Amino acid sequence: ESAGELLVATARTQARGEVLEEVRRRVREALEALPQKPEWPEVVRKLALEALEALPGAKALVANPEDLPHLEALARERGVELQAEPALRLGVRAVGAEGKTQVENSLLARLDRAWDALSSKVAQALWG
Amino acid sequence: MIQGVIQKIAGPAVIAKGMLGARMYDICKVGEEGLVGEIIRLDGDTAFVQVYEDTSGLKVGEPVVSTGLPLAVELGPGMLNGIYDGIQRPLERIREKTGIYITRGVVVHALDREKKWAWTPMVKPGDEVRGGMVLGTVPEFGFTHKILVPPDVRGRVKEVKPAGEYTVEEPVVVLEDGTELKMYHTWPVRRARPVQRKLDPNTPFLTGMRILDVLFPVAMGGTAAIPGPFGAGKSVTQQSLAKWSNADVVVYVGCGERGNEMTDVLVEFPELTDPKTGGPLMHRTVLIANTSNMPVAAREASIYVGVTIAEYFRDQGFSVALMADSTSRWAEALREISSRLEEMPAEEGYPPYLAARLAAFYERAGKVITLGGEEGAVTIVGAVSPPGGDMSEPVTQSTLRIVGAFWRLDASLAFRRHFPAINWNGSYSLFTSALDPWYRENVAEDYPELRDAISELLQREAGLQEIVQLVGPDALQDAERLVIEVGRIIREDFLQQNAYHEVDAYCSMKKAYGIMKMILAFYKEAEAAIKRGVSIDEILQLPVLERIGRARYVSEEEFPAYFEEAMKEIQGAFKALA
Amino acid sequence: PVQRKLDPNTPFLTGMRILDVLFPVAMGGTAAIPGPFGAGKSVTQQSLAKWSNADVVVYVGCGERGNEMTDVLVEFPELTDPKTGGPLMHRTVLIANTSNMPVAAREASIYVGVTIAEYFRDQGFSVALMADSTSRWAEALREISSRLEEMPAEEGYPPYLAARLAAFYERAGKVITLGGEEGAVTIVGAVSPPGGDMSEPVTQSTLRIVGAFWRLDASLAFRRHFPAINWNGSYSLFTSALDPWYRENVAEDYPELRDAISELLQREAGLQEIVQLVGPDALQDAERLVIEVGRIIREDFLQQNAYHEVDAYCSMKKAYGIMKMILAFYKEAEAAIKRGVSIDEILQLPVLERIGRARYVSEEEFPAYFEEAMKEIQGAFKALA
Amino acid sequence: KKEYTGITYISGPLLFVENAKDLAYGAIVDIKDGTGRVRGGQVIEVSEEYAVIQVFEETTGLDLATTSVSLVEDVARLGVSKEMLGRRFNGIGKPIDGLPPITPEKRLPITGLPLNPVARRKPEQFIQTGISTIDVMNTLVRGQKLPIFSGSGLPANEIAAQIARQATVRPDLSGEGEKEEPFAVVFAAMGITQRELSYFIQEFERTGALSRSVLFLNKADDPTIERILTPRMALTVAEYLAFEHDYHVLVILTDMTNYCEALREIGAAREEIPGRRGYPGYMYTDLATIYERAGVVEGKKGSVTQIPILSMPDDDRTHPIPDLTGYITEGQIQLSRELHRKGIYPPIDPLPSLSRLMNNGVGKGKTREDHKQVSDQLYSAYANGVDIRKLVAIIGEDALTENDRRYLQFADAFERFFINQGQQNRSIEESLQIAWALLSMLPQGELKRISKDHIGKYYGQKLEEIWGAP
Amino acid sequence: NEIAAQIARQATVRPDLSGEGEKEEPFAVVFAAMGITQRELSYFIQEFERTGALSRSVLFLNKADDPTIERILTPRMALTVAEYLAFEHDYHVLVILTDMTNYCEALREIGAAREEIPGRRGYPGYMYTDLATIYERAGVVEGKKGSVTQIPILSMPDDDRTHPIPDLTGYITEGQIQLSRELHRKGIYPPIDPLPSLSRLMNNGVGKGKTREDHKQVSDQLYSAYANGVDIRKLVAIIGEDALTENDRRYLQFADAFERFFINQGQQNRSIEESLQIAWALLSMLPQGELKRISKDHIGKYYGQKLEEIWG
Amino acid sequence: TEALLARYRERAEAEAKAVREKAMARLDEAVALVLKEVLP
Amino acid sequence: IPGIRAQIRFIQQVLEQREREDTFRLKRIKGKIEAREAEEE
């Protein structure tokens, strides 16, 4: 008389969770396909400027080997020694002046930081 | 005036950074969120601040400021019929403002700056005025709330404010030197108010219960101690004392109390209690309530806040009774503070200076002459709850050496439907000898002798219980049967008292004196009869008993006539007895 | 790593009557046995290792005297395995750490033992672990903290001691291996508190973790009454879940008989307070019956001779039969006292010689002796009328 | 996200990092090590020179070069939702039953805001717990803090499970009539083991109580700071539910002793001077903050009632933890080892068990009007029966009067039936009727604490259903 | 000290009851001192020189007035010399330690000067390991005829058993011999109370082929009867003597005769057979059915002897 | 007995299908929105 | 009963003495190491 509503509720919740994880996978798909479109330089410049403004006195602007053309001039004029790294896809890595601190600024970092805040509006737009 | 930043948040309620001009024991707003803190340790540029609320969420770099003042309470009109927390904050306005929860970092004024009061000046420009002299007159719930010059102010009046009607911030009187006397003022909590002289306890404080007012009297300005067993109805006794005493003003203070205290401390007092004259009792009542989960600093400072208010109202020109709800929780808060300050324990983890604090608190009470020449008195009735009913714990030790009277409660006494459940064996009072002359000159010359006789009868009745229980009462001898019966009659018709009844709730001195006189006259006639040969059973059914035991529920006006006619009935009983 | 945790449902045999009856321990359970020196912890551990039912036994001597280890080493090659009959040394693995060995090796030995136990569990066996001492472990931890200059917790012990003990004990259990095989590990922990203080922090941290608790007392040890289990202060929490296994394996009504025995002991213990103020003579006959029945149970069912070659190992069925005849005799004595028969003649009844001497009878001959005892007990009360 | 490298010190559960000015007090951080594993830790100190991090996990993979530190939250919060009913969490907010993470309606601080005293009101309605001894002698009331005192071997967990899966209210008994009040239970586990965890899973699943149940589970081997965090999370969930959806929440705390041990060890880990009995001097205020955030308020229909469960360390009542509990709570229910040994379930000892607000929870409109007098009479009668039972062991039933033998029989029947209710579920009416039947054994007129009207109304019924029916 | 001296004087194996070995070479006594007083030292020296054994006994004296720290080295040197002797030339060595209390004093002082983490009452927290470095340097070795036996002497301060030193020692050692003050006050020597005493290697030193086989049963029966007598004394302390039954008075007589005769010996030297005959005579008092722990054959062939047949 | 559990299931799959199909028509706008906030 | 009270209070006093001793020792060592680490800075 009671197990039925429990199983119904858990099936509803797991279906909603499956839909939400599908939405997250779609979001990841949309994010990882960005660099081919020529809007990549704008994204990398936004990330570089926000990283540098959040880290006063940065000495270096770590980036990808394939992301030099869109950020080299900005890094040079900021007065830093930029270098390449196969890591930090979809973002840039600022380095503190002392060398003991850094800020890593890949898009996936922001995505899974703000996913918990997203969940409410995602739910109320998907079903509200 | 001094501002700094935060350097080291070492944990809960600990701050430190360069605050050169800060002085010891000053209240400090801390952080951009404005948390209240106290400076306890100055070293070089830096100083340490202890915060009341938990320091969670803060970080280095937040500005820190000092108020340049120690802990103090605002004293002015509008404090009656109010409710305050441990640090004198209005609870009802806080509820209206921030909702059901007490959010950290909220700012409130103890005295409302909007309500206007009808001012009545008493001096003209050019008159000399010193601290402690009366200056203005304001009505507040039936009686005048006078205006007093601050204790440390002396000068000559430049000009006064006209009669009018003004808010609390309005400065009524300006001295010739230019200072402005506002309608209120503040006084640091850890400095007793100055007094001209201290007088002696030569007059009794009439509680309203025959057992208290007779067997263990308390004078105007004494101290009393009661244990806190559950089921003895301490609430009933406290309410009866609050609404039936001769004290002009009643102040209730509760620190570190259990969660369900409002149940009896915040519903009955506003409504269920009505004075002998007027409507609600609340109109002449002031509360300091502080539940368990409040920050420890309030739980420690509430006692000082209450006693400071009491001293204010004593210098006001009234008589004030102060009731500390519980001191065991207060010592608990003291021990917690000690553990915060890392001072080594003395016994059972208590700080060594506990007795000093208890003395410094309990000595503030008394009957003194105000700075304005008037007479007032603060009388304290402190409650202590032993951890397991044992007096051997140190706080009870320090209390019993400074109290003049220590009444005894017991749940077993109320278990046999006897009220009030005040034990009459272990209790003692040291006001008896000093109050003897006034008792003689206002009640009866032999009144102390009657009290001694009743004490002797009680002692005799106590010394015979075991031979009764072991053997059986009805099998004893006629003299012992008589003494048992008379002791039982006394303990069930004179010590006992209903509180809820309209008539029995209050009893004057002479009513009790006449009741004792009638009882002892009957005892003498009974002794004469039993020595003569008449047995106990006839005495058990004499017509005088059902009338003398019924004297409790007669009004004060009829008592002389009822007393004389019952004395004549006793005389006629012996004529039948012999 | 383990695939899944399974609820314990099968008892772990010990060979001792009192342990395997009144305070059972499941297959994957844990049991602490604290006590002062002289209670005979070495004999207890040796007997438990010898007469268990698990295939592989792991012995861990965390900081103890080497002479007992040498005795074990020179003794086991002369004992046949109760299960297979081979030399007991083959199924036994020892970890040696004498007291004079370096301090920092005790924790390493303990962890090595528990890890090897987990390995043999993963191979699909039954593993019984004998941590011979944990107080030595705690003392080594404290000694390290001494020259580490930390801020020590209660009684100079480091704060993380409770967490370390919890991590050590929690590894035990009955699980399904990564290869989908059933196995279990049993831990028999021993505590040597300073001066027999059961209120010390380590023992108290134990009581909040382990599911079975055993205790030893000095007064019984002085009387030489081994195992010297202080019955009042010892309890087990695996009794409830073991009922169906008992019913299917030993006897359907066995748990009820055990609970009746416990009830008798409880009533005797309650009467002892009045006994220790009035004396046994002032009591009624029917209560002297309770006292003497309790004495019979204490000195004929709980007591076990750890060196007798026939009573060293005892089966559960034998103890069940002993309890059955004891309770039957007590009920008949109650019925007889109901008929005005006094207690003094009961104590002179000769069947009590059989009752006392019963436990020395061999494993297989026991049913015949039990039948003779039943008929003799019935006749001793019925024939007198 | 900002990364703080520069590890300078590693010892036990603490490690230092430099230039961490942007780490607020109490902030929670993660640790990315050489192997890449993500650990957890809370900042317990901050200064311009450096900051202190306490790590609630093992530290057998760290170093001074490859280790990195980053922030995850300014203050430890908790995401909550109403749909959490039926889920189980590991004490730091992680679901463990195997379903995707919930959607949080709003995130809240774990340490709640203390309640304004003027908001509270006098509790007036009871709860039918289902246990006859509780429901008659120690009647639980809404908004009460009623602890249970356990023993070394006494089964507190089974009692908690039965209470949780049998609890309900009685609107029909009052003037409410119909059922409209939503009801739920928040269950807290601190310092439990594998056996207890499995037993709790089975108990809350087999009988179908999970769908209205919330569980917070923390193993014993799991880190201490999680055990510290768990009760605060439970209380936060309870308060939010009660004061935003009018539920009545029945909070259970399986262990306060393990909580106190973890708190003591954590406090000692920061090099703080211990107080009385080696426990922190502030344990009283912490216990108060856990307990005191429960009650009834004005203008709202919610009500939080709390039943912490603790085991007396050595069957003693002078230990600091039960002493503080007695200071804070409003009575206790003292379990007795004797009845458990004798075979009775549940072993509740009526002689020392006592409630405080029960005087305002029984009576007409709230219950039937014979509750209080029957309770007092039963208590006194049982005391007399026990005393006379101990007396008969030396005198003998022959040399006793009638009332002594009647007390002996009444006490035996009382302890055989009224307290030995087993796994069965009773109502308040059945408990009252059984009490009336048991009191019917005693001769009339002896019931000095009972008025004539109720005697005439109810006396005469004897024990009928208990032996003929389950 | 007198007990130690007497034990050293009279100690000898009994190969005739075993048949192995026939040399019976007397033991080599090793004396190690830790703050001994002058009176006790004179007593020991006079005894050892009277016994005719000083020609084969190494003495390591360390008086009270001597420097405190030197106490830390004398036990180690004595043990090293004893081990070297026993395992290089198969000498049978018995070692005597004068006092462990002074050892604990010196160890606690040196630890507190270094300000370590103390123990229960200020003793160093590694005292268990420190004592294990001493006591375990004892025993026997496979394949060698040597032997090392330790007879330490320590003093419980307040006649106490919960004190750290005796507790740790009992944890480390295999049993101990405890004295009693009440027996000493009543003029009994030696005041050895058999209740608290214990020896864990008892089972390996008895049985058929070593001394006699009925050793174990006699010993356990004696313990049982003595415990019964003690409990009956405790009961008599309240209930008096009148309410005692016949068998309770029997147990009381057994207990007091046991204390007066079996324990009290007055420096005389007894063999195992004399003590066994005395024990059988004592056990003859109790009813023959109360010996539930004793096999029938031993009772049949040893029971009935009367006390006065031993002495008049 | 078990027909009650039968339509327990039947409406459980009914609700699961209902929520899945209701959500499947509301995916593009949610993806675009989320991508919009996450991209600065 | 009075003898029992005497023994109880004696043992209580002794245990309080030991508690005070060890807590003073702990505070002293904490202060000493604090001062030495600070002067070593």
# chains A, B, ... in the order shown; residues from 1 in each chain; ligands from 1

call {"tool": "residues_around", "arguments": {"residues": "region 364-366 of chain D", "least_positions_apart": "3", "cutoff": "6 Å", "atoms": "only C-alpha atoms", "output": "list in words"}}
result
residues 125, 174 and 369 of chain D

call {"tool": "residues_around", "arguments": {"residues": "region 29-38 of chain F", "least_positions_apart": "2", "cutoff": "7 Å", "atoms": "only C-alpha atoms", "output": "list in words"}}
result
residues 23, 27, 110, 111, 122, 125 and 126 of chain A; 26, 27 and 40 of chain F

call {"tool": "atom_distance", "arguments": {"atom1": "CA of residue 264 (chain B)", "atom2": "CA of residue 502 (chain B)"}}
result
20.6 Å

call {"tool": "select_by_dssp", "arguments": {"residues": "region 56-102 of chain E", "states": "strand (DSSP E or B)", "output": "PyMOL selection string"}}
result
chain E and resi 58-60+63+92-97

call {"tool": "select_by_dssp", "arguments": {"residues": "chain A", "states": "alpha helix (DSSP H)", "output": "PyMOL selection string"}}
result
chain A and resi 3-32+40-54+68-78+107-126

call {"tool": "write_last_selection", "arguments": {"atoms": "C-alpha atoms", "output": "short mmCIF file (atom, residue, chain, number, x, y, z; two decimals), in the first residue's frame"}}
result
data_model
loop_
_atom_site.label_atom_id
_atom_site.label_comp_id
_atom_site.auth_asym_id
_atom_site.auth_seq_id
_atom_site.Cartn_x
_atom_site.Cartn_y
_atom_site.Cartn_z
CA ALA A 3 5.96 0.58 -1.55
CA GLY A 4 4.19 1.49 -4.79
CA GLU A 5 4.42 5.24 -4.28
CA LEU A 6 8.04 4.85 -3.12
CA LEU A 7 9.03 3.01 -6.30
CA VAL A 8 7.07 5.51 -8.42
CA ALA A 9 8.86 8.43 -6.76
CA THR A 10 12.30 6.87 -7.11
CA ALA A 11 11.65 6.06 -10.78
CA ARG A 12 10.55 9.66 -11.36
CA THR A 13 13.67 10.99 -9.64
CA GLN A 14 16.04 8.69 -11.52
CA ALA A 15 14.40 9.58 -14.84
CA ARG A 16 14.84 13.27 -14.03
CA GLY A 17 18.47 12.64 -13.10
CA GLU A 18 19.07 10.78 -16.36
CA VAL A 19 17.59 13.69 -18.32
CA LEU A 20 19.78 16.13 -16.37
CA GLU A 21 22.94 14.11 -16.99
CA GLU A 22 22.02 13.97 -20.68
CA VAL A 23 21.71 17.76 -20.61
CA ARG A 24 25.15 17.96 -19.00
CA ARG A 25 26.62 15.69 -21.68
CA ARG A 26 25.06 17.90 -24.37
CA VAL A 27 26.61 20.94 -22.68
CA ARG A 28 30.01 19.24 -22.65
CA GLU A 29 29.56 18.43 -26.35
CA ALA A 30 28.78 22.08 -27.09
CA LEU A 31 31.81 23.22 -25.08
CA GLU A 32 34.41 20.86 -26.54
CA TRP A 40 37.78 30.63 -30.17
CA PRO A 41 40.07 33.72 -29.99
CA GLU A 42 37.36 35.74 -28.25
CA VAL A 43 36.86 33.02 -25.63
CA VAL A 44 40.57 32.63 -24.99
CA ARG A 45 40.97 36.41 -24.71
CA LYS A 46 38.11 36.65 -22.20
CA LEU A 47 39.65 33.87 -20.12
CA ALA A 48 43.10 35.45 -20.28
CA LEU A 49 41.86 38.90 -19.24
CA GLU A 50 39.76 37.55 -16.37
CA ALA A 51 42.62 35.36 -15.14
CA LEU A 52 45.09 38.24 -15.25
CA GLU A 53 42.72 40.65 -13.51
CA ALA A 54 41.96 38.09 -10.80
CA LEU A 68 49.60 31.33 -29.30
CA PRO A 69 48.12 33.45 -32.15
CA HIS A 70 45.10 34.72 -30.19
CA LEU A 71 46.92 35.64 -26.95
CA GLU A 72 50.61 36.24 -27.73
CA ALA A 73 50.26 40.00 -28.29
CA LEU A 74 48.22 40.49 -25.11
CA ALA A 75 50.68 38.42 -23.07
CA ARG A 76 53.62 40.37 -24.49
CA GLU A 77 52.08 43.76 -23.75
CA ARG A 78 51.16 42.68 -20.22
CA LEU A 107 36.03 26.31 -19.32
CA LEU A 108 35.25 22.92 -17.76
CA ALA A 109 36.35 24.33 -14.40
CA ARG A 110 33.74 27.09 -14.63
CA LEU A 111 31.16 24.61 -15.95
CA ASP A 112 31.40 22.14 -13.09
CA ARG A 113 31.78 24.98 -10.59
CA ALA A 114 28.51 26.59 -11.71
CA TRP A 115 26.59 23.38 -12.50
CA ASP A 116 25.13 23.31 -8.99
CA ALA A 117 23.81 26.85 -9.41
CA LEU A 118 22.62 25.91 -12.91
CA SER A 119 20.57 22.96 -11.66
CA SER A 120 17.71 25.08 -10.30
CA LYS A 121 17.08 27.09 -13.47
CA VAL A 122 17.76 24.05 -15.66
CA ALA A 123 15.04 22.19 -13.75
CA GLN A 124 12.55 25.06 -13.85
CA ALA A 125 13.12 25.63 -17.57
CA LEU A 126 13.01 21.92 -18.45
#

call {"tool": "residues_around", "arguments": {"residues": "residue 229 (chain B)", "least_positions_apart": "2", "cutoff": "7 Å", "atoms": "only C-alpha atoms", "output": "ChimeraX atom specification"}}
result
/B:227,231-232,409-411

call {"tool": "closest_atom_pairs", "arguments": {"of": "chain C", "to": "chain E", "cutoff": "9 Å", "atoms": "only C-alpha atoms", "output": "Markdown table"}}
result
| residue | atom | partner | partner_atom | distance |
| --- | --- | --- | --- | --- |
| C:36 | CA | E:171 | CA | 8.2 |
| C:37 | CA | E:171 | CA | 5.6 |
| C:38 | CA | E:175 | CA | 6.9 |
| C:40 | CA | E:200 | CA | 8.2 |
| C:64 | CA | E:172 | CA | 7.5 |
| C:65 | CA | E:172 | CA | 6.7 |
| C:66 | CA | E:136 | CA | 8.0 |
| C:67 | CA | E:139 | CA | 8.3 |
| C:98 | CA | E:136 | CA | 8.7 |
| C:99 | CA | E:132 | CA | 5.7 |
| C:100 | CA | E:132 | CA | 5.0 |
| C:101 | CA | E:133 | CA | 8.5 |
| C:102 | CA | E:129 | CA | 8.4 |
| C:103 | CA | E:129 | CA | 7.3 |
| C:139 | CA | E:125 | CA | 7.6 |
| C:140 | CA | E:126 | CA | 8.2 |
| C:142 | CA | E:125 | CA | 7.3 |
| C:143 | CA | E:126 | CA | 6.1 |
| C:145 | CA | E:117 | CA | 8.2 |
| C:146 | CA | E:117 | CA | 5.1 |
| C:147 | CA | E:116 | CA | 7.1 |
| C:149 | CA | E:116 | CA | 8.5 |
| C:152 | CA | E:117 | CA | 8.5 |
| C:155 | CA | E:120 | CA | 7.7 |
| C:156 | CA | E:117 | CA | 6.9 |
| C:192 | CA | E:171 | CA | 8.0 |
| C:194 | CA | E:167 | CA | 6.8 |
| C:195 | CA | E:162 | CA | 4.7 |
| C:196 | CA | E:162 | CA | 7.7 |
| C:197 | CA | E:162 | CA | 8.9 |
| C:218 | CA | E:196 | CA | 8.8 |
| C:221 | CA | E:196 | CA | 9.0 |
| C:222 | CA | E:195 | CA | 5.6 |
| C:223 | CA | E:224 | CA | 5.9 |
| C:224 | CA | E:220 | CA | 7.2 |
| C:225 | CA | E:224 | CA | 8.9 |
| C:276 | CA | E:235 | CA | 7.7 |
| C:277 | CA | E:238 | CA | 7.9 |
| C:278 | CA | E:239 | CA | 7.4 |
| C:279 | CA | E:239 | CA | 6.9 |
| C:281 | CA | E:243 | CA | 7.7 |
| C:307 | CA | E:203 | CA | 8.6 |
| C:353 | CA | E:292 | CA | 8.9 |
| C:356 | CA | E:292 | CA | 8.2 |
| C:357 | CA | E:292 | CA | 8.6 |

call {"tool": "interface_residues", "arguments": {"of": "chain D", "to": "chain B", "cutoff": "8 Å", "atoms": "only C-alpha atoms", "output": "ChimeraX atom specification"}}
result
/D:21-27,44-48,74-75,113-122,273-276,280-282,285,288-289,292,327-329

call {"tool": "closest_atom_pairs", "arguments": {"of": "chain G", "to": "chain B", "cutoff": "12 Å", "atoms": "only C-alpha atoms", "output": "Markdown table"}}
result
| residue | atom | partner | partner_atom | distance |
| --- | --- | --- | --- | --- |
| G:9 | CA | B:392 | CA | 11.1 |
| G:12 | CA | B:348 | CA | 10.6 |
| G:13 | CA | B:347 | CA | 9.8 |
| G:15 | CA | B:348 | CA | 11.0 |
| G:16 | CA | B:348 | CA | 7.7 |
| G:17 | CA | B:347 | CA | 9.5 |
| G:19 | CA | B:348 | CA | 9.9 |
| G:20 | CA | B:345 | CA | 7.4 |
| G:21 | CA | B:344 | CA | 10.4 |
| G:22 | CA | B:344 | CA | 11.2 |
| G:23 | CA | B:344 | CA | 7.9 |
| G:24 | CA | B:344 | CA | 7.1 |
| G:25 | CA | B:344 | CA | 10.7 |
| G:26 | CA | B:344 | CA | 10.8 |
| G:27 | CA | B:342 | CA | 8.4 |
| G:28 | CA | B:344 | CA | 10.7 |
| G:30 | CA | B:342 | CA | 11.4 |
| G:31 | CA | B:342 | CA | 11.1 |

call {"tool": "atom_distance", "arguments": {"atom1": "CA of residue 64 (chain A)", "atom2": "CA of residue 1 (chain D)"}}
result
17.8 Å
